[PDB]
Amino acid sequence: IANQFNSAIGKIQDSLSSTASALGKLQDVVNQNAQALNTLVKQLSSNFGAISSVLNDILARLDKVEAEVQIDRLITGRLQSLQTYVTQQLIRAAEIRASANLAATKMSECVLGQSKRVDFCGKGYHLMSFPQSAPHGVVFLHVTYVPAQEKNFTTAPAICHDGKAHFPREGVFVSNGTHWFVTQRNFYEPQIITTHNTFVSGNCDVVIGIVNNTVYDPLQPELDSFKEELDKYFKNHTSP
Amino acid sequence: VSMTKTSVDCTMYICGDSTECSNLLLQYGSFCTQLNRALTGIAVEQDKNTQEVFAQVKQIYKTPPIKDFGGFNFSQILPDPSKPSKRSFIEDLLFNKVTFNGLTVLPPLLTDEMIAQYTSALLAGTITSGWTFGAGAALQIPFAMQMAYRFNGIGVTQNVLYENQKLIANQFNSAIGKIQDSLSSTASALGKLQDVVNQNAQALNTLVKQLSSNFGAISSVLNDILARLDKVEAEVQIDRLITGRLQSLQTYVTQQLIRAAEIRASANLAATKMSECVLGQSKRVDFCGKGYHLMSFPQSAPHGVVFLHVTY
Amino acid sequence: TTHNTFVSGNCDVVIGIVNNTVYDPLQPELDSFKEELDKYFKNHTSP
Amino acid sequence: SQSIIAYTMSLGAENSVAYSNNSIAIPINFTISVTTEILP
Ligand SMILES: *[C@@H]1O[C@H](CO)[C@@H](O[C@@H]2O[C@H](CO)[C@@H](O[C@H]3O[C@H](CO)[C@@H](O)[C@H](O)[C@@H]3O)[C@H](O)[C@H]2NC(C)=O)[C@H](O)[C@H]1NC(C)=O
Ligand SMILES: *[C@@H]1O[C@H](CO)[C@@H](O[C@@H]2O[C@H](CO)[C@@H](O[C@H]3O[C@H](CO)[C@@H](O)[C@H](O)[C@@H]3O)[C@H](O)[C@H]2NC(C)=O)[C@H](O)[C@H]1NC(C)=O
Ligand SMILES: *[C@@H]1O[C@H](CO)[C@@H](O[C@@H]2O[C@H](CO)[C@@H](O[C@H]3O[C@H](CO)[C@@H](O)[C@H](O)[C@@H]3O)[C@H](O)[C@H]2NC(C)=O)[C@H](O)[C@H]1NC(C)=O
Ligand SMILES: *[C@@H]1O[C@H](CO[C@@H]2O[C@@H](C)[C@@H](O)[C@@H](O)[C@@H]2O)[C@@H](O[C@@H]2O[C@H](CO)[C@@H](O)[C@H](O)[C@H]2NC(C)=O)[C@H](O)[C@H]1NC(C)=O
Ligand SMILES: *[C@@H]1O[C@H](CO)[C@@H](O[C@@H]2O[C@H](CO)[C@@H](O)[C@H](O)[C@H]2NC(C)=O)[C@H](O)[C@H]1NC(C)=O
Ligand SMILES: *[C@@H]1O[C@H](CO)[C@@H](O[C@@H]2O[C@H](CO)[C@@H](O)[C@H](O)[C@H]2NC(C)=O)[C@H](O)[C@H]1NC(C)=O
Ligand SMILES: *[C@@H]1O[C@H](CO)[C@@H](O)[C@H](O)[C@H]1NC(C)=O
Ligand SMILES: *[C@@H]1O[C@H](CO)[C@@H](O)[C@H](O)[C@H]1NC(C)=O
Ligand SMILES: *[C@@H]1O[C@H](CO)[C@@H](O)[C@H](O)[C@H]1NC(C)=O
Ligand SMILES: *[C@@H]1O[C@H](CO)[C@@H](O)[C@H](O)[C@H]1NC(C)=O
């Protein structure tokens, strides 16, 4: 588990250092803000249907009663250009807020805790996550348990023993093809079907797909060994 | 999940087929690049919204030919093989239930056959392999043992399923019977999707009515002003129409950017419900339907997703 | 039963506790051992 | 020989699941994995 984790951290380190595009969601936010600021400054070169885009060159050519009408055009067009920028900034800022509230929720639920929510802390089952800072952003390194190489098995919903039906306390009944076992669902670790691994409920006629197999009792030998010794003691006590 | 991609060519809208109006419009600068860019940003994020909701699996799982799901009759929600589009009988019902000037509609990247196919992959994975196909490789399980793990998941011991399996399957079969009847019966059932089609249609209809406005020029028709007047008398008249039509696009693009942020928020909720209700089982009270969550099935709709949440 | 329950503390602490028996399933199992052990003593008197 | 091709996109690998009324698959092993996620 350590050697897998220490390798997976090494693949993150290499990947970020190797490819261009991995920072895309942050570089995009830098590029949109640069593009919008650049666009806002370029609008100052625009005439807006006035005689010129240079405010001092209007004033240096026309007299005041009509130089005002040209300046009013530039005021209208530049005020419209700020309003376009601020509307773009507000709509973007609402997006970044949504992404910051998601990031805060990921910090709270994947870093300060372990999440049972599927996909919310990466693919697999969430073990833990580690935060890393980035320019204007957060990176989460989500660590997950992923089921690897699998094997198919025969299975049953219940086991029948003394005409009573038996069900797993945790996990699932599986056969290797000849013998029956009980195992935890998320990792193959077979165990003998005991009275301590299972609970009884009702009789074998009600359950579709129930199978016959023995259920082991762990206490039965701890009284039968004690019984065979007790009988040997009675045998010895015939001798005096 | 989405809304119709629209591109409005601001030059062709403001200054339709006119060189003189185009040469005036250049004097307003980069606004037309901002209008075209913003609507391209929206048009691209609609494929993204659709992709985050439906493409949550990179492997197209398919139903077995045998249908021995322990008595649970999924035939209403699996694909029908016979139709030219491979959709479910409830998806076909949902598709019936929703009804010159630089305007263009752009088609979604994922056609409705491909949204039905991603929905089929998610649903065939969900029936045959539990939540496991969300964690990694799909691991099969018998459907009654999947429902047993579910019952343990809501804190009801799994013998309650196996003792009652005929009833639990008849109740699931009956509840899908009510979904079928409900969607056949009432007009308003898909209102949340139809409301999005209606707002886009209303906002574009409003944007078109603004081409018939005068804004204090002699005519609402750009060709009349260029036909009736010489070049210098025309500048003043066209420039009114430029100002008012430009402001009509600045309005419409702002209304669409706000509305796209709302459809985005709905798509991210739908992606969260796809992950947490279809690819899993949720402890979140009320998140995956009313009751205690057992499992959910996705179904496509025009520009949307329908979840059939199954609850104890 | 002792398999359905867990033990802590005593009857004086828990507000609203009630008296009932708890069935220990080892006890009647080893009672099936008790009368068999007892009969084997009775028989073993005879030689 | 390189040229632009145009094609209907496939949605992924097709994979018929080995479902049966009495078969389960269980992992004999696991991979720990680290995925980066990046948020503005
Ligand atoms: C299904 O799982 C079973 C448990 O692992 C397995 O049975 C076990 O098989 C081993 C040999 O592979 C036996 O080993 C013993 O066999 C005799 C016992 O007298 C000795 O000569 C050997 O030295 C060794 O002690 C186990 O006894 C046996 N266990 C049981 C409960 O039968 C099956 O082989 C597996 N089936 C398949 C199809 O793989
Ligand atoms: C699971 O194990 C059970 C115990 O070994 C076994 O039960 C036995 O089933 C047979 C066949 O049904 C019964 O045979 C009797 O059936 C009627 C009388 O009821 C007569 O027509 C027959 O001639 C014969 O007497 C056994 O009585 C019955 N035994 C018990 C103790 O219940 C199950 O059949 C096994 N099931 C599987 C799937 O392996
Ligand atoms: C729950 O079960 C308890 C155990 O049987 C029971 O406690 C017993 O209550 C009686 C009556 O109060 C006591 O009787 C004795 O009380 C004093 C000595 O403490 C004497 O003066 C009396 O003459 C009499 O001998 C028992 O001593 C007491 N048992 C113990 C072990 O303390 C509770 O009363 C029961 N409560 C309910 C609500 O059912
Ligand atoms: C687990 O089993 C499935 C299919 O079921 C088995 O089919 C036989 C091969 C035999 O083992 C039966 O007793 C089982 O019922 C396997 O799926 C097959 O995979 C191979 C490639 O490995 C492919 O050529 C076959 O067409 C598949 N058959 C079917 C019916 O899907 C699966 O690979 C097995 N998994 C493991 C890890 O053993
Ligand atoms: C699953 O449920 C469907 C819908 O009730 C069943 O389909 C109907 O079956 C009857 C009898 O064969 C036909 O007359 C109807 O025309 C069918 N209706 C439709 C819409 O196809 C189906 O038979 C059930 N399948 C199982 C295995 O129970
Ligand atoms: C579980 O998977 C790991 C690999 O992730 C297996 O470890 C490898 O085992 C082989 C020999 O079987 C060695 O050559 C490799 O060098 C091992 N790799 C590592 C990272 O240790 C492990 O053996 C598998 N175990 C089972 C029971 O399947
Ligand atoms: C599984 O299906 C077969 C038919 O292919 C049937 O004989 C068998 O009894 C079924 N078992 C269960 C548990 O449904
Ligand atoms: C048999 O019983 C006698 C006492 O009666 C004792 O000394 C002896 O050790 C016993 N042996 C065994 C094998 O129990
Ligand atoms: C519950 O409340 C009633 C009064 O309404 C009281 O008589 C009773 O003793 C209370 N039960 C307990 C266990 O204290
Ligand atoms: C008494 O013990 C003998 C063995 O020593 C046994 O055969 C017999 O059945 C027993 N009788 C009774 C009444 O237990």
# chains A, B, ... in the order shown; residues from 1 in each chain; ligands from 1

$ residues_around --residues "residue 46 of chain C" --least-positions-apart "6" --cutoff "12 Å" --atoms "only C-alpha atoms" --output "VMD selection string"
(chain A and resid 238) or (chain C and resid 39 to 40)

$ interface_residues --of "chain A" --to "chain B" --cutoff "9 Å" --atoms "only C-alpha atoms" --output "number ranges by chain"
A: 39, 42-43, 45-50, 77, 81, 84, 87-88, 91, 94-95, 98, 116-120, 123-125, 145-150, 152, 155-158, 166-168, 171-172, 201-202, 206-208

$ write_last_selection --atoms "N, CA and C atoms" --output "compact mmCIF listing (two decimals), in the first residue's frame"
# COMPACT_ATOMS: atom_id res chain seq x y z
N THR A 39 -8.91 43.90 -23.82
CA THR A 39 -10.05 44.37 -24.61
C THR A 39 -10.57 45.71 -24.11
N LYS A 42 -8.05 48.41 -25.27
CA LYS A 42 -8.17 48.58 -26.73
C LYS A 42 -9.37 49.42 -27.12
N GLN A 43 -10.50 49.33 -26.42
CA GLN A 43 -11.67 50.17 -26.70
C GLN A 43 -11.39 51.67 -26.63
N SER A 45 -8.98 53.18 -28.12
CA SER A 45 -8.55 53.55 -29.46
C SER A 45 -9.72 53.75 -30.44
N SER A 46 -10.92 53.30 -30.09
CA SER A 46 -12.12 53.34 -30.92
C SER A 46 -12.75 54.72 -30.99
N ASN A 47 -13.13 55.15 -32.20
CA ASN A 47 -13.74 56.46 -32.44
C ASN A 47 -15.17 56.60 -31.90
N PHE A 48 -15.94 55.52 -31.79
CA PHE A 48 -17.38 55.55 -31.48
C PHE A 48 -18.19 56.49 -32.39
N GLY A 49 -17.78 56.63 -33.65
CA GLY A 49 -18.39 57.56 -34.60
C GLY A 49 -18.07 59.04 -34.37
N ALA A 50 -17.29 59.39 -33.35
CA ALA A 50 -16.70 60.71 -33.23
C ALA A 50 -15.58 60.94 -34.25
N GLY A 77 -19.42 55.90 -25.41
CA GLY A 77 -18.81 54.66 -25.89
C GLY A 77 -17.85 54.04 -24.89
N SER A 81 -18.21 50.67 -22.67
CA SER A 81 -17.08 49.73 -22.63
C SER A 81 -16.70 49.32 -21.21
N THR A 84 -19.59 46.90 -20.07
CA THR A 84 -19.41 45.58 -20.68
C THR A 84 -18.37 44.77 -19.92
N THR A 87 -19.85 43.94 -16.26
CA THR A 87 -20.81 42.85 -16.42
C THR A 87 -20.11 41.51 -16.65
N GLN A 88 -19.12 41.46 -17.54
CA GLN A 88 -18.30 40.26 -17.74
C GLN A 88 -17.60 39.83 -16.46
N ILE A 91 -20.27 38.32 -13.89
CA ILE A 91 -20.71 36.99 -14.34
C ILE A 91 -19.61 35.95 -14.16
N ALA A 94 -19.13 35.25 -10.39
CA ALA A 94 -20.11 34.27 -9.92
C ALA A 94 -19.72 32.81 -10.24
N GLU A 95 -18.99 32.63 -11.34
CA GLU A 95 -18.50 31.31 -11.72
C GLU A 95 -17.40 30.93 -10.74
N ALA A 98 -18.80 29.96 -7.39
CA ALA A 98 -19.27 28.58 -7.43
C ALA A 98 -18.12 27.58 -7.32
N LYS A 116 -18.07 9.22 1.70
CA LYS A 116 -18.77 8.10 1.06
C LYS A 116 -19.51 8.49 -0.22
N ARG A 117 -19.40 9.76 -0.62
CA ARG A 117 -20.03 10.23 -1.84
C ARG A 117 -19.20 9.79 -3.06
N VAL A 118 -19.83 9.06 -3.97
CA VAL A 118 -19.14 8.56 -5.18
C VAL A 118 -18.70 9.72 -6.06
N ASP A 119 -17.52 9.60 -6.68
CA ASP A 119 -16.88 10.59 -7.56
C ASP A 119 -16.50 11.95 -6.94
N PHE A 120 -17.03 12.31 -5.77
CA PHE A 120 -16.81 13.63 -5.18
C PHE A 120 -15.35 13.88 -4.77
N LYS A 123 -12.28 9.11 -8.68
CA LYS A 123 -12.75 7.74 -8.95
C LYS A 123 -12.09 6.73 -8.02
N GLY A 124 -12.79 5.64 -7.71
CA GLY A 124 -12.45 4.71 -6.63
C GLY A 124 -13.25 5.00 -5.37
N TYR A 125 -12.87 4.38 -4.26
CA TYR A 125 -13.41 4.68 -2.94
C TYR A 125 -12.44 5.58 -2.19
N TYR A 145 -8.86 3.94 -3.04
CA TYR A 145 -8.77 2.50 -3.18
C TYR A 145 -9.55 2.08 -4.42
N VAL A 146 -8.88 1.50 -5.41
CA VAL A 146 -9.53 0.99 -6.61
C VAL A 146 -9.40 -0.53 -6.64
N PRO A 147 -10.51 -1.29 -6.68
CA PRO A 147 -10.50 -2.72 -6.96
C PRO A 147 -9.72 -3.07 -8.23
N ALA A 148 -8.70 -3.93 -8.10
CA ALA A 148 -7.84 -4.34 -9.20
C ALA A 148 -8.28 -5.69 -9.80
N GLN A 149 -7.32 -6.56 -10.13
CA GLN A 149 -7.57 -7.85 -10.78
C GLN A 149 -8.63 -8.66 -10.02
N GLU A 150 -9.72 -9.01 -10.70
CA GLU A 150 -10.86 -9.71 -10.13
C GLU A 150 -10.91 -11.18 -10.54
N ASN A 152 -14.16 -14.31 -10.96
CA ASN A 152 -15.58 -14.67 -10.86
C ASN A 152 -15.78 -15.87 -9.91
N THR A 155 -22.19 -17.70 -6.21
CA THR A 155 -22.70 -17.07 -4.99
C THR A 155 -24.14 -17.48 -4.71
N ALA A 156 -24.60 -17.28 -3.48
CA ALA A 156 -25.97 -17.54 -3.08
C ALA A 156 -26.46 -16.49 -2.07
N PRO A 157 -27.75 -16.16 -2.07
CA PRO A 157 -28.32 -15.20 -1.14
C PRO A 157 -28.33 -15.68 0.31
N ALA A 158 -28.36 -17.00 0.53
CA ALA A 158 -28.48 -17.62 1.84
C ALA A 158 -27.93 -19.04 1.83
N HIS A 166 -29.60 -19.10 6.76
CA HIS A 166 -28.47 -18.32 7.26
C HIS A 166 -28.08 -17.22 6.27
N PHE A 167 -27.73 -16.04 6.77
CA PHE A 167 -27.33 -14.86 5.98
C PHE A 167 -26.04 -14.25 6.56
N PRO A 168 -25.15 -13.63 5.76
CA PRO A 168 -23.90 -13.06 6.26
C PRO A 168 -24.11 -11.86 7.19
N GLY A 171 -20.57 -8.95 4.44
CA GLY A 171 -20.02 -9.64 3.28
C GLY A 171 -21.01 -10.53 2.54
N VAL A 172 -20.49 -11.51 1.83
CA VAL A 172 -21.22 -12.30 0.83
C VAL A 172 -20.76 -13.75 0.84
N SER A 201 -32.42 -16.42 10.07
CA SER A 201 -33.77 -15.85 10.01
C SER A 201 -34.71 -16.75 9.21
N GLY A 202 -35.64 -17.42 9.90
CA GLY A 202 -36.66 -18.27 9.27
C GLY A 202 -36.12 -19.54 8.61
N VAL A 206 -38.68 -20.17 2.00
CA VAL A 206 -39.15 -18.82 1.62
C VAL A 206 -38.20 -18.10 0.65
N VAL A 207 -36.90 -18.43 0.67
CA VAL A 207 -35.86 -17.69 -0.05
C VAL A 207 -35.60 -18.29 -1.43
N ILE A 208 -35.79 -17.52 -2.50
CA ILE A 208 -35.40 -17.94 -3.85
C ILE A 208 -33.88 -18.05 -3.93

$ residues_near_ligand --ligand "ligand 7" --cutoff "6 Å" --atoms "only C-alpha atoms and all ligand atoms" --output "JSON, numbers by chain"
{"A": [209], "D": [21, 22]}

$ closest_atom_pairs --of "chain B" --to "chain D" --cutoff "9 Å" --atoms "only C-alpha atoms" --output "JSON lines"
{"residue": "B:55", "atom": "CA", "partner": "D:11", "partner_atom": "CA", "distance": 8.2}
{"residue": "B:57", "atom": "CA", "partner": "D:12", "partner_atom": "CA", "distance": 8.4}
{"residue": "B:58", "atom": "CA", "partner": "D:12", "partner_atom": "CA", "distance": 5.4}
{"residue": "B:59", "atom": "CA", "partner": "D:13", "partner_atom": "CA", "distance": 4.9}
{"residue": "B:60", "atom": "CA", "partner": "D:14", "partner_atom": "CA", "distance": 4.5}
{"residue": "B:61", "atom": "CA", "partner": "D:15", "partner_atom": "CA", "distance": 4.8}
{"residue": "B:62", "atom": "CA", "partner": "D:16", "partner_atom": "CA", "distance": 4.8}
{"residue": "B:63", "atom": "CA", "partner": "D:16", "partner_atom": "CA", "distance": 6.7}
{"residue": "B:64", "atom": "CA", "partner": "D:19", "partner_atom": "CA", "distance": 6.6}
{"residue": "B:66", "atom": "CA", "partner": "D:20", "partner_atom": "CA", "distance": 8.6}
{"residue": "B:68", "atom": "CA", "partner": "D:21", "partner_atom": "CA", "distance": 6.4}
{"residue": "B:69", "atom": "CA", "partner": "D:21", "partner_atom": "CA", "distance": 7.0}
{"residue": "B:70", "atom": "CA", "partner": "D:21", "partner_atom": "CA", "distance": 7.4}
{"residue": "B:110", "atom": "CA", "partner": "D:9", "partner_atom": "CA", "distance": 8.9}
{"residue": "B:114", "atom": "CA", "partner": "D:11", "partner_atom": "CA", "distance": 7.5}
{"residue": "B:117", "atom": "CA", "partner": "D:11", "partner_atom": "CA", "distance": 8.1}
{"residue": "B:118", "atom": "CA", "partner": "D:11", "partner_atom": "CA", "distance": 7.4}
{"residue": "B:121", "atom": "CA", "partner": "D:14", "partner_atom": "CA", "distance": 9.0}
{"residue": "B:124", "atom": "CA", "partner": "D:17", "partner_atom": "CA", "distance": 8.5}
{"residue": "B:125", "atom": "CA", "partner": "D:17", "partner_atom": "CA", "distance": 7.6}
{"residue": "B:128", "atom": "CA", "partner": "D:19", "partner_atom": "CA", "distance": 5.8}
{"residue": "B:129", "atom": "CA", "partner": "D:17", "partner_atom": "CA", "distance": 7.8}
{"residue": "B:138", "atom": "CA", "partner": "D:17", "partner_atom": "CA", "distance": 7.4}
{"residue": "B:139", "atom": "CA", "partner": "D:25", "partner_atom": "CA", "distance": 5.1}
{"residue": "B:140", "atom": "CA", "partner": "D:24", "partner_atom": "CA", "distance": 5.3}
{"residue": "B:141", "atom": "CA", "partner": "D:24", "partner_atom": "CA", "distance": 4.5}
{"residue": "B:142", "atom": "CA", "partner": "D:21", "partner_atom": "CA", "distance": 4.9}
{"residue": "B:143", "atom": "CA", "partner": "D:21", "partner_atom": "CA", "distance": 7.3}
{"residue": "B:144", "atom": "CA", "partner": "D:21", "partner_atom": "CA", "distance": 8.4}

$ residues_around --residues "residue 140 of chain A" --least-positions-apart "2" --cutoff "12 Å" --atoms "only C-alpha atoms" --output "PDB file with C-alpha atoms, in the first residue's frame"
ATOM      1  CA  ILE A  12       1.642  13.174 -10.132  1.00  0.00           C
ATOM      2  CA  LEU A 102     -17.070  23.653  -4.414  1.00  0.00           C
ATOM      3  CA  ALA A 103     -13.362  23.819  -3.449  1.00  0.00           C
ATOM      4  CA  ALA A 104     -14.305  24.725   0.156  1.00  0.00           C
ATOM      5  CA  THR A 105     -16.739  21.769   0.227  1.00  0.00           C
ATOM      6  CA  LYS A 106     -13.961  19.490  -1.166  1.00  0.00           C
ATOM      7  CA  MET A 107     -11.566  20.809   1.525  1.00  0.00           C
ATOM      8  CA  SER A 108     -14.164  20.139   4.259  1.00  0.00           C
ATOM      9  CA  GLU A 109     -15.418  16.736   2.973  1.00  0.00           C
ATOM     10  CA  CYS A 110     -12.252  15.216   1.343  1.00  0.00           C
ATOM     11  CA  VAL A 111      -9.400  16.723   3.506  1.00  0.00           C
ATOM     12  CA  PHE A 120     -16.808  13.628  -5.179  1.00  0.00           C
ATOM     13  CA  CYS A 121     -13.178  12.880  -4.139  1.00  0.00           C
ATOM     14  CA  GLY A 122     -11.977  11.174  -7.392  1.00  0.00           C
ATOM     15  CA  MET A 128      -8.166  10.696   2.040  1.00  0.00           C
ATOM     16  CA  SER A 129      -7.108  13.832   0.120  1.00  0.00           C
ATOM     17  CA  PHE A 130      -4.153  16.211   0.417  1.00  0.00           C
ATOM     18  CA  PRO A 131      -4.523  19.922  -0.497  1.00  0.00           C
ATOM     19  CA  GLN A 132      -1.806  21.805  -2.420  1.00  0.00           C
ATOM     20  CA  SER A 133      -1.925  25.535  -3.218  1.00  0.00           C
ATOM     21  CA  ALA A 134      -1.723  26.877  -6.782  1.00  0.00           C
ATOM     22  CA  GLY A 137      -6.471  27.985  -6.984  1.00  0.00           C
ATOM     23  CA  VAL A 138      -6.378  24.755  -4.999  1.00  0.00           C
ATOM     24  CA  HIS A 142      -7.287  12.540  -3.902  1.00  0.00           C
ATOM     25  CA  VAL A 143      -6.091   9.115  -2.683  1.00  0.00           C
TER      26      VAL A 143
ATOM     27  CA  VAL D  34      -3.684   9.387  -6.652  1.00  0.00           C
ATOM     28  CA  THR D  35      -5.693  11.692  -8.939  1.00  0.00           C
ATOM     29  CA  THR D  36      -5.050  15.430  -9.095  1.00  0.00           C
ATOM     30  CA  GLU D  37      -8.110  17.748  -9.231  1.00  0.00           C
ATOM     31  CA  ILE D  38      -7.610  21.491  -9.935  1.00  0.00           C
ATOM     32  CA  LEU D  39     -10.154  24.209  -8.955  1.00  0.00           C
ATOM     33  CA  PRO D  40     -10.114  28.023  -9.395  1.00  0.00           C
TER      34      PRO D  40
END

$ residues_near_ligand --ligand "ligand 6" --cutoff "7 Å" --atoms "only C-alpha atoms and all ligand atoms" --output "PDB file with N, CA and C atoms, in the first residue's frame"
ATOM      1  N   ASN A   3       4.138   1.319  -1.109  1.00  0.00           N
ATOM      2  CA  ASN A   3       4.839   1.364  -2.389  1.00  0.00           C
ATOM      3  C   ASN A   3       3.928   1.790  -3.548  1.00  0.00           C
ATOM      4  N   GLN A   4       2.648   1.417  -3.533  1.00  0.00           N
ATOM      5  CA  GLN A   4       1.687   1.923  -4.505  1.00  0.00           C
ATOM      6  C   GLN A   4       1.469   3.424  -4.319  1.00  0.00           C
TER       7      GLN A   4
ATOM      8  N   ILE D  28      -9.416  -9.732  -6.126  1.00  0.00           N
ATOM      9  CA  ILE D  28      -8.409 -10.425  -5.310  1.00  0.00           C
ATOM     10  C   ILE D  28      -7.285  -9.494  -4.851  1.00  0.00           C
ATOM     11  N   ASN D  29      -7.256  -8.264  -5.366  1.00  0.00           N
ATOM     12  CA  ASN D  29      -6.201  -7.283  -5.153  1.00  0.00           C
ATOM     13  C   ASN D  29      -6.741  -5.854  -5.345  1.00  0.00           C
ATOM     14  N   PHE D  30      -5.969  -4.831  -5.004  1.00  0.00           N
ATOM     15  CA  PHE D  30      -6.361  -3.433  -5.175  1.00  0.00           C
ATOM     16  C   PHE D  30      -5.182  -2.563  -5.596  1.00  0.00           C
ATOM     17  N   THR D  31      -5.486  -1.494  -6.317  1.00  0.00           N
ATOM     18  CA  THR D  31      -4.553  -0.426  -6.646  1.00  0.00           C
ATOM     19  C   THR D  31      -4.919   0.795  -5.835  1.00  0.00           C
TER      20      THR D  31
END

$ residues_near_ligand --ligand "ligand 9" --cutoff "10 Å" --atoms "only C-alpha atoms and all ligand atoms" --output "list in words"
residues 15, 16, 17 and 18 of chain C

$ write_last_selection --atoms "C-alpha atoms" --output "PDB file, in the first residue's frame"
ATOM      1  CA  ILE C  15     -33.078   6.921  33.239  1.00  0.00           C
ATOM      2  CA  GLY C  16     -36.137   4.769  32.349  1.00  0.00           C
ATOM      3  CA  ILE C  17     -34.460   1.291  32.279  1.00  0.00           C
ATOM      4  CA  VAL C  18     -36.846  -1.709  32.713  1.00  0.00           C
TER       5      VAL C  18
END

$ decode --residues "segment 10-22 of chain C" --atoms "N, CA and C atoms" --output "short mmCIF file (atom, residue, chain, number, x, y, z; two decimals), in the first residue's frame"
data_model
loop_
_atom_site.label_atom_id
_atom_site.label_comp_id
_atom_site.auth_asym_id
_atom_site.auth_seq_id
_atom_site.Cartn_x
_atom_site.Cartn_y
_atom_site.Cartn_z
N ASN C 10 -24.60 -0.36 35.32
CA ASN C 10 -25.60 -1.00 36.17
C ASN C 10 -26.95 -0.26 36.13
N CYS C 11 -27.98 -0.90 36.65
CA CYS C 11 -29.37 -0.43 36.65
C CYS C 11 -29.63 0.96 37.26
N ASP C 12 -28.72 1.54 38.03
CA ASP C 12 -28.98 2.81 38.72
C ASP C 12 -28.76 4.05 37.85
N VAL C 13 -27.99 3.94 36.76
CA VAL C 13 -27.58 5.12 35.98
C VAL C 13 -28.59 5.50 34.90
N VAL C 14 -29.12 4.52 34.17
CA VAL C 14 -29.93 4.75 32.97
C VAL C 14 -31.35 5.17 33.33
N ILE C 15 -31.72 6.41 33.03
CA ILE C 15 -33.08 6.92 33.24
C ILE C 15 -34.05 6.08 32.42
N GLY C 16 -35.08 5.51 33.04
CA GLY C 16 -36.14 4.77 32.35
C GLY C 16 -35.80 3.33 31.93
N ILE C 17 -34.73 2.72 32.45
CA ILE C 17 -34.46 1.29 32.28
C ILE C 17 -35.59 0.42 32.84
N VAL C 18 -35.79 -0.78 32.30
CA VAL C 18 -36.85 -1.71 32.71
C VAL C 18 -36.31 -3.11 32.93
N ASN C 19 -36.93 -3.86 33.84
CA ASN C 19 -36.56 -5.25 34.10
C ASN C 19 -37.15 -6.18 33.04
N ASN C 20 -36.32 -7.05 32.48
CA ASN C 20 -36.75 -8.23 31.72
C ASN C 20 -35.61 -9.25 31.73
N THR C 21 -35.87 -10.53 31.49
CA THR C 21 -34.78 -11.49 31.35
C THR C 21 -34.00 -11.28 30.05
N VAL C 22 -32.72 -11.62 30.03
CA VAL C 22 -31.93 -11.76 28.81
C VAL C 22 -31.53 -13.22 28.66
#
